[PDB]
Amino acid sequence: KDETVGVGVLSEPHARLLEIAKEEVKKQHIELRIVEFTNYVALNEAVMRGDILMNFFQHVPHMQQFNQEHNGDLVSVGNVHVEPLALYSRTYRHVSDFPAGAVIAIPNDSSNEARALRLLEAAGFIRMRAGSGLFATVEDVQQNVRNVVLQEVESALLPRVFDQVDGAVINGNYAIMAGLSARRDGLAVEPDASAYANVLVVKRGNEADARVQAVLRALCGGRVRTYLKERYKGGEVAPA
């Protein structure tokens, strides 16, 4: 009898957070159906077509990129958590250990590629051109200080090529799934993780939907905040 609303998810840690949310909104007689997808575009297109009411897997710059490129009308209804982006290495233990010519793999979707490039800039490896913007890519690199080779790779595959490159800038969700902690294993962290807070997203016009608001309240509630602080003591995933 409870009405059902679908929420698209990509992977941990968002999936576990939606499971906590599912239990909580069940109390208001809302049955949260967690729908599992395999790629970024499919998740946003499903919300645009109306196959699911919301999704939970990206940050605002990514959503903005999708709106611009795919004529989307998605909006964030709230920040939920931050997952710091970090540079990891299969062998080097210090950022200054990287030899000239070292190969560093980074995300290939523009908003996370820019984010990763600004992380490497902050660590002193490169300098980005001035009017680069939120969707900057390797073509925007103005100077290569440490003489590094930057390889663009699909985010989900970064952990798979990790043992074959000198380093890799890996999104927190994929790093955690591969046993990497930005605090314990990272050699450098992005300069502004809070700007890349992950958000609950819906089509413009559904922000006030009462079911959406309940899921949001549950994702930002004391029980989720408590869960995060306890499971990710290094702040790998932290309430926004």
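Residue positions are given as counts along the sequence shown, with the first one as 1.
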Per the PDB record, is the mean Cα temperature factor higher over 217-225 or over 13-21? 217-225
If you take the mean CA temperature factor per stretch, which one wins between 205-213 and 47-55? 205-213
Take the CA temperature factors straight from the PDB entry and tell me which of 89, 132, 151, 112 peaks. 132
Top Cα B factor in the deposited entry, candidates 146, 160, 81, 118: 146
Going by the CA temperature factor in the PDB record, which third of the chain does residue 184 belong to: lowest, middle or highest? middle
Taking the entry's C-alpha B-factors for this chain, is residue 234 in the lowest, middle or highest third? highest
Residue 124 CA temperature factor, ranked by third within the chain: middle
Is the Cα B-factor recorded for residue 190 in the lowest, middle or highest third of its chain? lowest
Comparing against every modelled residue in the chain, figure out the third that the C-alpha B-factor of residue 77 lands in (lowest, middle or highest). highest
